[PDB]
Structures are given as structure tokens and as C-alpha cells.
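Shown below, as C-alpha cells, is a lone chain in the form deposited without the named molecule; questions about how it binds or moves come after it.
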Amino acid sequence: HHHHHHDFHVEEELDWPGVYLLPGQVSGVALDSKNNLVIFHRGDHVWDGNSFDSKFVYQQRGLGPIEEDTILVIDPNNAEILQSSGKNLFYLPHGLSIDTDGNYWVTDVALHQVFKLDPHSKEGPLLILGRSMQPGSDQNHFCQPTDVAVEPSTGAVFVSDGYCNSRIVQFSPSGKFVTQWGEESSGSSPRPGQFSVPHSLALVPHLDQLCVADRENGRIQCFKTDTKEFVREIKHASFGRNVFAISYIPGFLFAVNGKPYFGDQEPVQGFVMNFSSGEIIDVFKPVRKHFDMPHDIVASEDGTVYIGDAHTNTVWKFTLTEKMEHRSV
């Protein structure tokens, strides 16, 4: 604020070779305890108009599951693939997050399910939530579930359930339904506690909060994690129509929006917000390749930010910095 604008800026790390990877649609990103990037991709499977019918049931079961490894851990420096798994399990990968023990938490929009996986196991999922290929809206069904966040202090499993639902569901560490909140965003304006496609979750550990990217409303909703009380709404004209994904590190909320329609004024970008005020302090995009559907984002306390694209099938590494003078502008 000494010069006209703001001093924090996010910039692509150009010496990171992970941009040269050729995965399928990249649906989820996360960081493991060694700060390695972990991605969740769709191989040769694509989400299109012939994937689901009118009742949200998956059409291409006979093509089988994705045959190639679907989860990759990627070195933060040389971008080499350190390990891979997720072979012969998934149909349309979506969310990926990692709990405090290092377990993977994954969602599938075709299966309508949520998986807990031990990364160092050879004997299949530790937990499966929801019913295979069966979309629903009760305590034991999902409808195209989008993301999962697991609270390190309680072990509470939160699932954002809604490309066709409008809820967040709490589960016990043993997979048992605890509680749920949220409903479809009502007539005229959308009111607090109402989702239209809860698409991304970020926990705020020491403020006991949970943040939700409401993609169709173009906004973020924050809730108190114990009481479920609506804390706050973040909405900016810069987002445009969508907020696809969010990530928290102390001090900052990071977000990606959606691609503009023809005529739209708001480009596709990463966003950096001051977490307290909720205000956008920085806007960014890659130098190599381009955003089309940036779909998930994960930030590290060390200042690293990763983004995966579900259309250009790419992951980028970025770095948050504060500089005395702005190299650009």
C-alpha cells in the first residue's frame, strides 16, 4: 500500500517441470506431509453430455474403471512422479484431500462415492461412503459428491455433496452419519446457508471454521465447524459467475473462478484474499499454457500454490511473494 496497489503477488515457478506432465482431466490437488504435490486425474475418462442421463445415473459402466494410476505424488522441485496408485477403481474422479495421518480422501462423481485410502497399502480402500453408481439424497447416498475435508482435532469427515444435491455432510471417523446442513439457493437472491453446487472445501483449523466454494452462486460460505452456524459470505464482482475451488493458509484464502462466457468482463484467474477482510489483494495466471477450467487449488505455508486444470489437463506451481517494487504493472 506504499505504491498505488498491493505488495503481495503470486507468480508461476518456471523452473518446475510438472507443466510437461500429460495426465487426464486434473480434478483434485493436495499436499502430503513432506510437501509433495498429490494429484487426482481422470486418465482417458472425460465428463461430457453422455456421461450421465436426466436422473444423474452414470451411462458408461461397461467401459470399465480407469485402468491407469489415477493418483500421483509429484516432487515439488524436479516434478518427478514419486509414487502412483488408484488403478482400476474410479470412473469420474473429483475431489482429493489428505488428512493429518496422511490418508487420501477422494470423491467420484460417477460412482457417487467417497473413498478413504491408505497411500502405503496394497489391500484396497479403508472406507467407502455412498452407494456404487446410485445417486440419492438421504444419509447413505450422495449425488455427484465434490470434495472432502477431515478435521485434524476431531477426525470429523466433511463431504460437500452437490452437483445435484445442496448439502455438506458430517461423518464420524468410522464412516457413520453425524449431521448435515445446507439447501438449494432460493428465489431471487441466494441467502446464507444455501448452496448451488458445493464444489470445494477448505478447513480453517484454529478458528474452527469450514469454507465452501459455492460454484453456481460465485461465492464462498464460511461456517463454524462445531455449531454449523453461518459465519460469513465472500462475494466479489471479480469472481464472475463461479468459484471453483478454495484453499486456506494462515493469513490467506486462495481461489479459482470459472471461464468467462462470451461478452463477460471477468477473466479466469487465481485469486489471493486477505483471510480476515476477505478482500482480493492479488490476481494471477500461468505463463506456460493457459487456464481453461482450473478446478482445484492447494496452498502451502511455505508460500507454494498448485493448481490443476480439468480441461487443459495441466498442473502449475506458483509462489506467493511480497516485493518492495512490483516487477510488472
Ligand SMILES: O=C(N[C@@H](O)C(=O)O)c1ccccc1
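Don't overthink the numbering: it's just position in the shown sequence, from 1.
The form solved in complex with the named molecule is left out here; the points below concern that form.
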| property | result |
| --- | --- |
| Of 47, 275, 284, 58, the one that lies within 4.5 Å of the named molecule in the deposited bound form (heavy atoms) | 47 |
| Selected contact from 254, 163, 223, 91, since only one has a non-hydrogen atom within 4.5 angstroms of the named molecule in the deposited bound form | 163 |
| Candidate stretches 261 to 269, 287 to 295, 31 to 39, 300 to 308 - the one whose heavy atoms come within 4.5 Å of the named molecule in the deposited bound form | 287 to 295 |
| In the deposited bound form: members of 207 to 229 within 4.5 Å of the named molecule, any heavy atom | 215 |
